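> Return atomic coordinates for the entry below.
(4 chains, ligands or ions: 8)
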There are 4 protein chains.
Amino acid sequence: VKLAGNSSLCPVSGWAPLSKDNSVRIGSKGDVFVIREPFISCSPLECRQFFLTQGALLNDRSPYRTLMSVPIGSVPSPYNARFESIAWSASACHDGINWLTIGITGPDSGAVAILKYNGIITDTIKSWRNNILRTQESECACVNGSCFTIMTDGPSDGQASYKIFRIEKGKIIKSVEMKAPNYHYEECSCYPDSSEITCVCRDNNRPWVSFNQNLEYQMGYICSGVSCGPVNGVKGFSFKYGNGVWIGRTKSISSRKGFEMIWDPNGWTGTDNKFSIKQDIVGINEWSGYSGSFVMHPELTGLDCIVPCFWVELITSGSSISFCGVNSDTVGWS
Amino acid sequence: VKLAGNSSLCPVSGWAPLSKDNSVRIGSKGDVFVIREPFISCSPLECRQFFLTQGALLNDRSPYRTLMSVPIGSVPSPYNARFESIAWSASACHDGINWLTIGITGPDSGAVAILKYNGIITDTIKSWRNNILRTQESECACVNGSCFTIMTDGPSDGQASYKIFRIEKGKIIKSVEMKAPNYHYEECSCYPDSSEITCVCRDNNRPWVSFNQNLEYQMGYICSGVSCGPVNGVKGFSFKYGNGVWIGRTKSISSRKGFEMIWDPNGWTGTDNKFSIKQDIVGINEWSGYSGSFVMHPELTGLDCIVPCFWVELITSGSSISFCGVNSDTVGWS
Amino acid sequence: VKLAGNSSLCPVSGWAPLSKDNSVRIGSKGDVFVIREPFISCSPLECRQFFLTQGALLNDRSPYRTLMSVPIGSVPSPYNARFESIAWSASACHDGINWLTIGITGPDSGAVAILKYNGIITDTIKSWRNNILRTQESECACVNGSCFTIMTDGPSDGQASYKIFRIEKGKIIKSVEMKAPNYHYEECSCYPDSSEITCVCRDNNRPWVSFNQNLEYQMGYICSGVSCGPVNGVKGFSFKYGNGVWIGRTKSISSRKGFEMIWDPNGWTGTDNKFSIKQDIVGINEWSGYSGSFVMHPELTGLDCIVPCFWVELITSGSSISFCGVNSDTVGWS
Amino acid sequence: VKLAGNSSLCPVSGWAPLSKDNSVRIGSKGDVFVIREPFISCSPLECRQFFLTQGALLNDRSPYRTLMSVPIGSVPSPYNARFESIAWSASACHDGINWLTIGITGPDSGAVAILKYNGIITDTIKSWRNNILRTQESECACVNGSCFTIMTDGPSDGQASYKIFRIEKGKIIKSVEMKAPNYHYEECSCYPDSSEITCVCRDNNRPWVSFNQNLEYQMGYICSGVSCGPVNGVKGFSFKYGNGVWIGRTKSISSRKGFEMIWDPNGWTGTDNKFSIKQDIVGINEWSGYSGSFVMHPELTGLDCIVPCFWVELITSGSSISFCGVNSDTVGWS
Ligand SMILES: *[C@@H]1O[C@H](CO)[C@@H](O)[C@H](O)[C@H]1NC(C)=O
Ligand SMILES: *[C@@H]1O[C@H](CO)[C@@H](O)[C@H](O)[C@H]1NC(C)=O
Ligand SMILES: *[C@@H]1O[C@H](CO)[C@@H](O)[C@H](O)[C@H]1NC(C)=O
Ligand SMILES: *[C@@H]1O[C@H](CO)[C@@H](O)[C@H](O)[C@H]1NC(C)=O
Ligand SMILES: *[C@@H]1O[C@H](CO)[C@@H](O)[C@H](O)[C@H]1NC(C)=O
Ligand SMILES: *[C@@H]1O[C@H](CO)[C@@H](O)[C@H](O)[C@H]1NC(C)=O
Ligand SMILES: *[C@@H]1O[C@H](CO)[C@@H](O)[C@H](O)[C@H]1NC(C)=O
Ligand SMILES: *[C@@H]1O[C@H](CO)[C@@H](O)[C@H](O)[C@H]1NC(C)=O
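Numbering: from 1, shown residues only, chains lettered A, B, ... in the order given. Ligands and ions are numbered 1, 2, ... in the order given. Below you will find the coordinate block:
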């Protein structure tokens, strides 16, 4: 059954915990992979943790980096992981029928993204600008059988070319080049919402792009003080609810420490720095890191809306915690 | 197919052995988890052993405690366990369609129980009295699609608030607060019987509560000398057969050593100390520990009644043995 | 689909190799169980190797001995084995619907055989003569939904009571006590043949018993010089083809070394020591050990007859090799 | 659903990467098999890596060599491998219903190939010339329910007898002896193409044989300078596209180093040394080794043609990389 993704995003009052690997304690004696850049994606039946490896075990870009996956919450061991693809940069999602994965491998000056569908190579995209072809490093968004992704090529400290793609069963059917001067969109975190795709990216405040299934797009910055224009970096995410926005961020402004969720009822379009709700995901005394979003579709949840969820990488990579939104009572987590 | 649980409990003449992990011998060289608070629950297809971990392996409350599970009798290893939830206290059962799990995580003065259904967060209950929100640590009882649980909040040496809940597909639909002065109901072991729920709890003799699907309840103590009112502690269980009762207990009165089953034909309502049958589960020369009950429904057994079963934790935790009732000839086990 | 077992046994011209574990080399570094008394049994879908353990790993009667199993040819490791039952003596077979297992546990002077069906305890048999209740240590034979087994109780150096049982879905429905003075039937290896059960046992030459589904029985010795009456020991097997017999045996008469199959066209009823075909399974320079038979039913093979197969334990236990009959060209194995 | 294999071979413009085990880094600490002679074959649902073992783990002809398999890309560990057969030489393929495997075991002067179908022994072929019976060491080709293989018996430095077989459900139904003086066909790599079988073998330039389903055959050498007659060795492969040929080879002429694919539009029938496309699979500074082909049928890919793929063994054996053809843009791999 093909995923629809016509349903609006579910409203939430707070976030509750979903999963925690506990890999570092297990790998001190047992056999556990040293993982990097993990992300979570969900199918109609199960949620899984995808990660890039180097082939190294704990307590032991390159041609040897591969993409592997395990059931959410399981230890990423050589005896439980399922191979997906070869890549030093990768993304993945499910279209309701099978897994779609995208993996970039090859030369820095000639990288090729190999598109696989259900384990079979179906298509490839070659580096247009010949400068580190790279992708989302997160879940790709599927609406109506077709999946969408954002890919970049060029410099991480200047202006590089961006393209938005529409993929059907592993094939690229429609692509556009964005006209977005002075914008920087790396490591985009995307989710479906009422048949549209909304993405919040890393400006190396947060830029966003949104688009329809014909790849028509609009852009700007999240206006919230937590300018509607631009004001290094870390991957992150934000959810749009009308004019309100949920912004995930660290607690430190000089280091990647702590993590909190802030609800700003007018932050999408307003520039004020007022907010109503602040919940705590990670204490300021603990290291956090990169974060991103993923969703649980109605086909999986049994609900009439799309449930937003997110993950935080606790820094290679040591652990990956994740949370999902609820409309019931939840407390701050240290 | 939704579990019914209208069928009376099966009569038994004695108990026969079902399972034994043998984890300590295997973990001296291999990779085995250090487990705590195990319990057994059964679905229509399989029985599984649930346990709480700390993430530590053998021969190597907290934010890192998780609930995991393995097929009954298997070694609880990092390579075979299936993640369930995050909790320092937890319970679980199957409604005939999917798994329902309840897991309490967060602050001692602000704990939240996260209710999951088929891996998806569906609801949450927040600490009403702000004092160590805690649950059954056993199998929850499902009658007619809906599952029942007993949860407490307050002091373990005084009077705390109790609530009885009815959960449908992960949602709390009906709850009541018990009016039970001078009663103490911790770590309740519950089973379905003829559409009713019967629970025998820890008074820190044995108190019990029983209730219908509208959460109307009655209570008292097991009268058996093995008072109908009250006379520290350990989790345990007891089965009701009209006025007769099967009581599980240790052999020592000063220590948790040995284990025996005693059948008292008039013990539910009578105060005499006479019994007819005594079987031996654990020798007095061996350590025993916490115990509890679980059931095997007709949908699993092919029978016209519910088969009672129980487990004993052999003390963190080293091993978990279990037995089921039979009406055939069985001998004493040392 | 219930197994029929009406089909005669398949004729063979020689034996070809099926499986070999190679566990000793793998367990010198990895995690492998120390196994004892293995045997092979087949379901309509797969063949599996059953074994008894002590819970010990390599290169590290009792209450701790359990029955476990792995897919045929796989290493018997703690991470791949599936629990079956608790026993210091056990047998198993498949009825076409589920697994039936029989496991004897408890006191030497009060042993109970616990009958399980599809993981559920269904019945028990208690020691009639109170002397080491013990079973076949092989595959049990299923004809027409019902499975048959032979169990003994008493001395291994004198006369003990034997019983033949018919089990349906885990329940004992029909049993008989054999009147067999001066016969000794331990560790019987049984197979179905044209709706009848034929068993060749250990006399501690080879005695046999055969019976129908109403448990009517006949007995005698295999007459072959390789007397029709009696002439310590080892478990073994033999196949009946009219008046001809295939006898498995070691090559040494003073030690358990070597293994060969001998085809004697008139050996079932004749006392001569002439044979036509001798194939070699194990060289005389190698240790062999206990052996037994199992079968592959039409529901598994797609054939119109029952294919005979056998296994040899290479001596606790180090390795288990197995072979199946063919009508094509096969050579001697050293 | 029986595989058809009537569809022509898919045209390609270049090769993209599919899989890479990364076993050497994982086995330095964990439990990984020392593998030899790997090959890849695909079923309608999944692709798998088959290999021969000795039973030895990393960092620890014979009667102990077995054939085992794991999902493509997974580490070949004792805890994930699935047993197939006993052999010091073997081949395998899928007919659309089940797995067909062929395994040669026994004496150098009396070897027998045991044919298994779905785990059951169905037939055997005995050494006609009594000189190291040996097979393809690759995927066997299935067209229309029936599978084809090429087997040899005799000297590796002179003239030996060859036979072509047609196998249906594990049975040999049709075989022919080739009349091919001065030809040498060892370790043949075969693929289906438009209902015909085409094989390119090792001459210890490349000889080929092709045949129909009635086992009528034609032969010659690949004419390309990269003579139509003959001009030690290594296993390899080549794909035929009309008069054009894709030839895989190493970069060194004195050692097994590097790997490249060359497209010669007239190389099947022409003797010129001109080519149009050269892609790089392995750098000349890296060791390569044996290579071979396998295919992905329409039943697996969803396409209207057969997709060619190949593997390279990186030298016992350390790693196995594989690639599939695409018609999209792909770059050279170092
Ligand atoms: C969304 O799609 C489903 C499936 O086609 C349809 O039943 C439903 O009416 C649509 N509308 C929404 C937003 O639920
Ligand atoms: C969804 O896909 C179907 C099948 O291609 C198409 O007919 C339908 O119009 C699509 N809907 C949208 C929103 O594009
Ligand atoms: C119990 O429920 C089943 C299923 O609805 C029904 O067939 C049966 O009559 C009921 N009564 C009992 C106690 O068996
Ligand atoms: C069982 O559930 C069904 C469906 O909700 C309901 O109609 C029925 O009355 C329930 N029976 C009981 C015992 O509540
Ligand atoms: C055996 O049983 C099968 C299934 O009932 C039947 O079709 C067949 O005729 C019987 N006879 C034999 C010996 O094949
Ligand atoms: C086989 O079992 C069926 C069902 O019980 C019975 O009707 C039939 O007569 C049995 N046949 C034999 C050989 O007993
Ligand atoms: C190949 O076989 C399929 C299945 O029988 C058939 O539909 C098709 O027309 C045939 N022709 C080709 C070459 O596609
Ligand atoms: C394919 O097999 C079927 C069934 O045996 C047969 O009828 C058909 O003629 C075969 N086709 C070819 C190409 O041999």
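
> Now do the strands in the stretch 51-200 of chain A.
For the stretch 51-200 of chain A, applying DSSP state E, counting those that start in this stretch gives strands covering A:66-71, A:82-86, A:89-94, A:99-105, A:112-117, A:120-126, A:141-143, A:146-153, A:161-168, A:171-177, A:186-193, A:196-202.

> Of the ones you listed, which is nearest residue A:309?
strand A:186-193 (9.5 Å; CB to CB). Backbone N, C-alpha and C define where each C-beta goes, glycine included.

> Partner strands of the closest one, with direction?
Strand A:186-193 has its sheet partners listed here by DSSP bridges as strand A:196-202 (antiparallel).

> what's the strand it pairs with in contact with?
A:141, A:143, A:148, A:150, A:184-191, A:206-212, A:222, A:233-238, A:240 (CB atoms under 8 Å, 6 or more residues apart in numbering or on different chains).

> Produce a ChimeraX select command limited to the buried residues of those residues.
Applying 16 or more other CB atoms under 10 Å in any protein chain shown to the contacts of strand A:196-202 leaves a buried subset, and the ChimeraX line that selects it is:
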select /A:141,143,148,150,184,185,186,187,188,189,190,191,206,207,208,209,210,211,222,235,236,237,238,240
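
> Tell me which of the strands of the stretch 51-200 of chain A lies nearest to residue C:306.
Comparison of these against residue C:306 by CB to CB identifies strand A:82-86 as nearest, at 39.0 Å.

> Also compute the angle for the closest one relative to strand A:112-117, please.
For strand A:82-86 against strand A:112-117, the angle by axes from the mean of the first three to the mean of the last three CA atoms, to 10 degrees is 140 degrees.

> can I get the CA coordinates of strand A:82-86 in CSV?
The C-alpha coordinates for strand A:82-86 follow below in CSV (Å, rounded to 0.1, in the frame of the first residue of the first chain):
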residue,chain,number,x,y,z
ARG,A,82,21.5,-5.4,7.6
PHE,A,83,23.6,-4.1,4.6
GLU,A,84,22.0,-1.3,2.5
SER,A,85,24.6,0.4,0.3
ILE,A,86,28.1,1.9,-0.2
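
> Minimum distance to residue B:12: which of the strands of the stretch 51-200 of chain A has it?
strand A:66-71 (38.3 Å).

> Tell me what angle that closest one forms with strand A:112-117.
Going by the same axes, to 10 degrees, strand A:66-71 makes 30 degrees with strand A:112-117.

> Can you list the buried residues in strand A:66-71?
So, applying 16+ other CB under 10 Å, buried residues of strand A:66-71: A:66, A:67, A:68, A:69, A:70.

> Equivalent analysis for stretch A:45-57, please.
Neighbour-count burial for stretch A:45-57, counted by 16+ other CB under 10 Å, picks out A:47, A:48, A:49, A:50, A:51, A:52, A:53, A:54, A:55, A:56, A:57.

> these two touch, right, the second one and residue A:67?
Yep, that's residue A:48 we're talking about. No. Using CB atoms under 8 Å, residue A:48 is not in contact with residue A:67, being 11.6 Å away.

> what is in contact with those two at once?
With CB under 8 Å, 6+ apart, residue A:48 and residue A:67 have no common neighbours.

> Which ones among the contacts of strand A:196-202 also lie next to ligand 7?
Among those, not one lies near ligand 7 by CB under 6 Å from any ligand atom.

> among the strands of the stretch 51-200 of chain A, which is nearest residue B:167?
strand A:66-71 (24.6 Å).

> Run the angle between the closest one and strand A:89-94 for me.
Going by the same axes, to 10 degrees, strand A:66-71 makes 40 degrees with strand A:89-94.

> Quick one: list the elements packing against strand A:66-71.
strand A:47-57, strand A:82-86, strand A:89-94 (3 or more CB pairs under 8 Å, 6 or more residues apart in numbering or on different chains; DSSP states H and E).

> what ranges do the helices span in the stretch 151-300 of chain A?
A:298-301 (DSSP state H, counting those that start in this stretch).

> Which residue does it have closest to ligand 2?
Closest residue of the stretch 151-300 of chain A to ligand 2, CB to the nearest ligand atom: residue A:213 (5.3 Å).

> Dump the strands of the stretch 51-200 of chain A to TSV, plus distance to residue C:136.
Shown next, in TSV, are these (distance: least, CB to CB, whole Å):
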stretch	distance to residue C:136
strand A:66-71	40
strand A:82-86	41
strand A:89-94	50
strand A:99-105	48
strand A:112-117	51
strand A:120-126	49
strand A:141-143	56
strand A:146-153	58
strand A:161-168	59
strand A:171-177	59
strand A:186-193	60
strand A:196-202	65
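
> Now residue A:258: closest residue in space that isn't a chain neighbour?
Counting by CB to CB, 6 or more residues apart in numbering or on different chains, residue A:258 lies nearest to residue A:251, which is 2.9 Å off, once chain neighbours are set aside.

> Quick check: end-to-end length of stretch A:324-334?
17 Å (CA to CA, to the nearest Å).

> circling back: next one: the closest residue to the residue of the stretch 151-300 of chain A closest to ligand 2 other than its chain neighbours from residue A:211, what distance?
Nearest non-adjacent residue to residue A:213, counting by CB to CB, 6+ apart: residue A:143, 6.4 Å away. Using CB to CB, to the nearest Å, one gets 11 Å for the distance from residue A:143 to residue A:211.

> ditto for residue A:198
Taken as CB to CB, the span from residue A:198 to residue A:211 is 8 Å.

> so which of the buried residues of stretch A:45-57 also contact ligand 2?
Answer for these near ligand 2: none qualify (CB under 6 Å from any ligand atom).

> Okay then, goodbye and thanks.
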